[PDB]
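Asker: I am attaching a structure below and will ask some questions about it afterwards.
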Number of protein chains: 2
Amino acid sequence: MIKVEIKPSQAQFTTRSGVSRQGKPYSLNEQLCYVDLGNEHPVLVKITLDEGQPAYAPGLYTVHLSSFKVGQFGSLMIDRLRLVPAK
Amino acid sequence: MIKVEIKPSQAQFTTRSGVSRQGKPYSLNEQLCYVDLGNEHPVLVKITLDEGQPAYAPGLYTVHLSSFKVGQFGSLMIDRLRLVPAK
């Protein structure tokens, strides 16, 4: 399980000039999180916040492969890891 | 959990000219697997086989973030998903 802890100062997203894929500049809500990812310590990594979605509240987390996909290279590849609280 | 089923015809790796990262051609053992990844159906994806490691035997599987890492872009990123049997 790709655990992670959204610090208390990382419970709110912010609107920053985002870019889908070099097509157009989108102002989406971005957030942060701390994924140990097996690194023993928490790693403050960024995260996307759906429009209207509540920033990853303060709590434990576990990435979600719902964002992972199979590329034509025959190898899984995250397209936008969907973070979720750890149960 | 990134589930997956290593078909019965995908329980053995093969030695194919591999390339670490554009540095040198390595002949490692590669294998295959079927990760539904939430796609309802199984997706035959490729996989690497450590030298001396037994190809992903025939059984259920779940990728492993032990291969995932945090890039300097502030976003998790698989470096070489370590597949494992699903328990």
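Convention: chains lettered A, B, ... in structure tokens order; per-chain residue numbering from 1; ligands numbered from 1 as shown.
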Name the residues in contact with residue B:28 at a cut-off of 9 Å, using only C-alpha atoms, excluding same-chain residues fewer than 3 positions from it; report them as a PDB file with C-alpha atoms, in the first residue's frame.

Answerer:
```pdb
ATOM      1  CA  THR B  14      12.816 -15.018 -21.316  1.00  0.00           C
ATOM      2  CA  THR B  15      16.266 -13.542 -21.998  1.00  0.00           C
ATOM      3  CA  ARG B  16      15.881 -10.594 -24.391  1.00  0.00           C
ATOM      4  CA  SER B  17      18.284  -7.755 -25.251  1.00  0.00           C
ATOM      5  CA  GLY B  18      17.331  -5.218 -22.563  1.00  0.00           C
ATOM      6  CA  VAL B  19      18.680  -1.680 -22.076  1.00  0.00           C
ATOM      7  CA  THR B  48      11.206  -7.728 -15.490  1.00  0.00           C
ATOM      8  CA  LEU B  49      12.678 -10.912 -13.988  1.00  0.00           C
ATOM      9  CA  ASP B  50      15.647 -10.475 -11.618  1.00  0.00           C
ATOM     10  CA  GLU B  51      18.669 -12.612 -12.570  1.00  0.00           C
TER      11      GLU B  51
END
```

Asker: Please provide as a compact mmCIF listing (two decimals) with N, CA and C atoms, in the first residue's frame all residues within 10 Å of residue A:70, with the sequence filter that same-chain residues fewer than 2 positions apart are discarded (counting only C-alpha atoms).

Answerer:
```txt
# COMPACT_ATOMS: atom_id res chain seq x y z
N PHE A 68 -3.85 4.59 -12.31
CA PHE A 68 -2.82 3.86 -13.08
C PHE A 68 -3.43 3.30 -14.37
N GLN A 72 1.17 1.17 -23.95
CA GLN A 72 1.38 0.21 -25.06
C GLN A 72 2.78 -0.41 -24.96
N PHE A 73 3.52 -0.03 -23.96
CA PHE A 73 4.89 -0.58 -23.79
C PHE A 73 4.82 -1.85 -22.94
N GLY A 74 3.64 -2.25 -22.55
CA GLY A 74 3.51 -3.48 -21.72
C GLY A 74 4.06 -3.21 -20.32
N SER A 75 3.63 -2.14 -19.70
CA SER A 75 4.14 -1.83 -18.33
C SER A 75 3.19 -0.84 -17.65
N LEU A 76 2.74 -1.16 -16.46
CA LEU A 76 1.82 -0.24 -15.74
C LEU A 76 2.45 1.16 -15.68
N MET A 77 1.64 2.18 -15.57
CA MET A 77 2.20 3.56 -15.50
C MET A 77 1.15 4.50 -14.90
N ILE A 78 1.44 5.09 -13.78
CA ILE A 78 0.47 6.02 -13.14
C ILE A 78 0.16 7.17 -14.11
N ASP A 79 -1.09 7.51 -14.26
CA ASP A 79 -1.46 8.64 -15.16
C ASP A 79 -1.79 9.85 -14.29
N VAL B 35 -2.72 -7.47 -15.58
CA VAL B 35 -3.21 -6.54 -14.52
C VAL B 35 -4.56 -5.93 -14.92
N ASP B 36 -5.61 -6.26 -14.21
CA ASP B 36 -6.92 -5.66 -14.54
C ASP B 36 -6.79 -4.15 -14.32
N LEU B 37 -6.02 -3.77 -13.32
CA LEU B 37 -5.80 -2.32 -13.04
C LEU B 37 -7.14 -1.59 -13.00
N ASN B 39 -9.55 -2.32 -15.06
CA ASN B 39 -10.07 -2.31 -16.46
C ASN B 39 -11.07 -3.45 -16.65
N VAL B 43 -5.09 -7.27 -18.30
CA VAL B 43 -4.25 -6.66 -19.36
C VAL B 43 -2.89 -7.34 -19.37
N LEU B 44 -2.56 -8.02 -20.43
CA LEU B 44 -1.25 -8.69 -20.49
C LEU B 44 -0.15 -7.64 -20.56
N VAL B 45 0.49 -7.38 -19.46
CA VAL B 45 1.56 -6.36 -19.44
C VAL B 45 2.92 -7.06 -19.24
N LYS B 46 3.99 -6.42 -19.62
CA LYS B 46 5.33 -7.07 -19.47
C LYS B 46 5.83 -6.90 -18.04
```

Asker: Pick from A:55, A:86, A:21, A:5: nearest to residue A:33, with only C-alpha atoms counted?

Answerer: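 Answer, going by the shortest atom-to-atom distance: A:5.
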
Asker: At a cut-off of 6 Å, using only C-alpha atoms, what residues contact residue A:63? Leave out same-chain residues fewer than 3 positions from it and give the result as a count of residues only.

Answerer: 4

Asker: Give me, as number ranges by chain, the residues of chain A that a backbone DSSP run labels strand (DSSP E or B).

Answerer: A: 3-5, 14-19, 25-34, 44-49, 60-62, 68-70, 76-78, 84-85

Asker: Please produce an output containing N, CA, C and O atoms for each residue in the selection, written as a short mmCIF file (atom, residue, chain, number, x, y, z; two decimals), in the first residue's frame.

Answerer:
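Now in result10.cif:
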```
data_model
loop_
_atom_site.label_atom_id
_atom_site.label_comp_id
_atom_site.auth_asym_id
_atom_site.auth_seq_id
_atom_site.Cartn_x
_atom_site.Cartn_y
_atom_site.Cartn_z
N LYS A 3 1.35 4.14 1.26
CA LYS A 3 0.84 5.01 2.36
C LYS A 3 1.29 6.46 2.19
O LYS A 3 2.02 6.80 1.28
N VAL A 4 0.84 7.31 3.07
CA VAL A 4 1.21 8.75 3.01
C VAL A 4 0.39 9.51 4.05
O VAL A 4 -0.72 9.14 4.37
N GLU A 5 0.92 10.57 4.57
CA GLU A 5 0.18 11.36 5.60
C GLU A 5 0.07 12.80 5.14
O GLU A 5 1.04 13.52 5.05
N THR A 14 -4.60 24.69 -3.60
CA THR A 14 -4.47 26.11 -4.01
C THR A 14 -4.66 26.20 -5.53
O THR A 14 -4.37 25.28 -6.25
N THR A 15 -5.14 27.31 -6.01
CA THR A 15 -5.35 27.46 -7.47
C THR A 15 -4.06 27.96 -8.12
O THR A 15 -3.63 29.08 -7.90
N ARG A 16 -3.43 27.15 -8.92
CA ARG A 16 -2.16 27.58 -9.57
C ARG A 16 -2.26 27.30 -11.08
O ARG A 16 -2.89 26.36 -11.51
N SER A 17 -1.63 28.12 -11.88
CA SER A 17 -1.69 27.90 -13.35
C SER A 17 -1.23 26.48 -13.67
O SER A 17 -0.06 26.16 -13.59
N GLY A 18 -2.14 25.63 -14.03
CA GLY A 18 -1.77 24.22 -14.36
C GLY A 18 -1.82 24.03 -15.88
O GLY A 18 -2.36 24.84 -16.60
N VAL A 19 -1.25 22.96 -16.37
CA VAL A 19 -1.27 22.72 -17.84
C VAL A 19 -1.61 21.25 -18.09
O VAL A 19 -0.87 20.36 -17.73
N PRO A 25 -3.48 26.11 -20.57
CA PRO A 25 -3.21 26.40 -19.16
C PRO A 25 -4.50 26.31 -18.34
O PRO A 25 -5.42 27.07 -18.53
N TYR A 26 -4.57 25.38 -17.42
CA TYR A 26 -5.80 25.25 -16.60
C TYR A 26 -5.50 25.66 -15.16
O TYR A 26 -4.45 25.37 -14.62
N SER A 27 -6.42 26.33 -14.52
CA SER A 27 -6.19 26.75 -13.11
C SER A 27 -6.88 25.75 -12.18
O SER A 27 -7.96 26.00 -11.68
N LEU A 28 -6.27 24.62 -11.95
CA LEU A 28 -6.90 23.60 -11.07
C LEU A 28 -6.42 23.78 -9.63
O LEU A 28 -5.51 24.53 -9.35
N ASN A 29 -7.03 23.08 -8.72
CA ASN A 29 -6.62 23.18 -7.28
C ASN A 29 -5.59 22.09 -6.99
O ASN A 29 -5.85 20.92 -7.18
N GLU A 30 -4.42 22.45 -6.54
CA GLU A 30 -3.38 21.42 -6.25
C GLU A 30 -3.16 21.32 -4.74
O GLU A 30 -3.42 22.25 -4.00
N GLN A 31 -2.67 20.20 -4.27
CA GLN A 31 -2.43 20.04 -2.81
C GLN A 31 -1.09 19.34 -2.57
O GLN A 31 -0.30 19.17 -3.48
N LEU A 32 -0.84 18.93 -1.36
CA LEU A 32 0.45 18.24 -1.05
C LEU A 32 0.17 17.01 -0.18
O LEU A 32 -0.95 16.78 0.24
N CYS A 33 1.17 16.21 0.09
CA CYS A 33 0.95 14.99 0.92
C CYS A 33 2.32 14.43 1.30
O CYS A 33 3.32 14.80 0.73
N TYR A 34 2.37 13.54 2.25
CA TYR A 34 3.69 12.97 2.65
C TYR A 34 3.67 11.46 2.43
O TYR A 34 3.20 10.71 3.25
N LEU A 44 7.10 14.93 1.23
CA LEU A 44 6.06 15.91 0.84
C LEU A 44 5.95 15.94 -0.68
O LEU A 44 6.76 16.54 -1.37
N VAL A 45 4.96 15.29 -1.21
CA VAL A 45 4.79 15.26 -2.69
C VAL A 45 3.55 16.09 -3.07
O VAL A 45 2.67 16.32 -2.25
N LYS A 46 3.47 16.54 -4.29
CA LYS A 46 2.29 17.36 -4.69
C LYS A 46 1.11 16.46 -5.04
O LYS A 46 1.23 15.25 -5.10
N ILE A 47 -0.03 17.04 -5.28
CA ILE A 47 -1.24 16.23 -5.63
C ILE A 47 -2.25 17.15 -6.32
O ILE A 47 -2.26 18.34 -6.12
N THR A 48 -3.11 16.60 -7.14
CA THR A 48 -4.11 17.46 -7.83
C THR A 48 -5.42 17.46 -7.04
O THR A 48 -5.76 16.49 -6.39
N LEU A 49 -6.14 18.53 -7.10
CA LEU A 49 -7.43 18.61 -6.36
C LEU A 49 -8.57 18.83 -7.36
O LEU A 49 -8.65 19.85 -8.00
N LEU A 60 -4.14 9.89 7.38
CA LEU A 60 -3.23 8.94 6.67
C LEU A 60 -3.73 8.79 5.24
O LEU A 60 -4.86 9.12 4.94
N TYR A 61 -2.92 8.31 4.34
CA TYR A 61 -3.38 8.17 2.94
C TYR A 61 -2.74 6.97 2.27
O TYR A 61 -1.74 6.43 2.70
N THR A 62 -3.31 6.59 1.17
CA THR A 62 -2.78 5.47 0.38
C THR A 62 -3.08 5.79 -1.06
O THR A 62 -4.23 5.97 -1.45
N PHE A 68 -3.85 4.59 -12.31
CA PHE A 68 -2.82 3.86 -13.08
C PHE A 68 -3.43 3.30 -14.37
O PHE A 68 -4.62 3.08 -14.46
N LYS A 69 -2.62 3.07 -15.36
CA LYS A 69 -3.14 2.52 -16.64
C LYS A 69 -2.06 1.67 -17.31
O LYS A 69 -0.90 1.74 -16.96
N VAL A 70 -2.43 0.88 -18.28
CA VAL A 70 -1.43 0.04 -18.98
C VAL A 70 -1.01 0.73 -20.28
O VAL A 70 -1.81 0.95 -21.16
N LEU A 76 2.74 -1.16 -16.46
CA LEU A 76 1.82 -0.24 -15.74
C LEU A 76 2.45 1.16 -15.68
O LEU A 76 3.65 1.31 -15.72
N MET A 77 1.64 2.18 -15.57
CA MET A 77 2.20 3.56 -15.50
C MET A 77 1.15 4.50 -14.90
O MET A 77 0.09 4.70 -15.46
N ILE A 78 1.44 5.09 -13.78
CA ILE A 78 0.47 6.02 -13.14
C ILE A 78 0.16 7.17 -14.11
O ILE A 78 1.05 7.76 -14.69
N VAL A 84 -5.83 8.66 -1.55
CA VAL A 84 -7.00 8.41 -0.69
C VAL A 84 -6.50 8.16 0.74
O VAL A 84 -5.37 7.76 0.92
N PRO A 85 -7.34 8.39 1.71
CA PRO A 85 -6.98 8.18 3.12
C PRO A 85 -6.66 6.70 3.38
O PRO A 85 -7.21 5.82 2.75
#
```

Asker: Considering only C-alpha atoms, can you say which of A:38, A:87, A:6, A:13 comes closest to chain B?

Answerer: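 Among A:38, A:87, A:6, A:13, it is A:38 that comes nearest to chain B.
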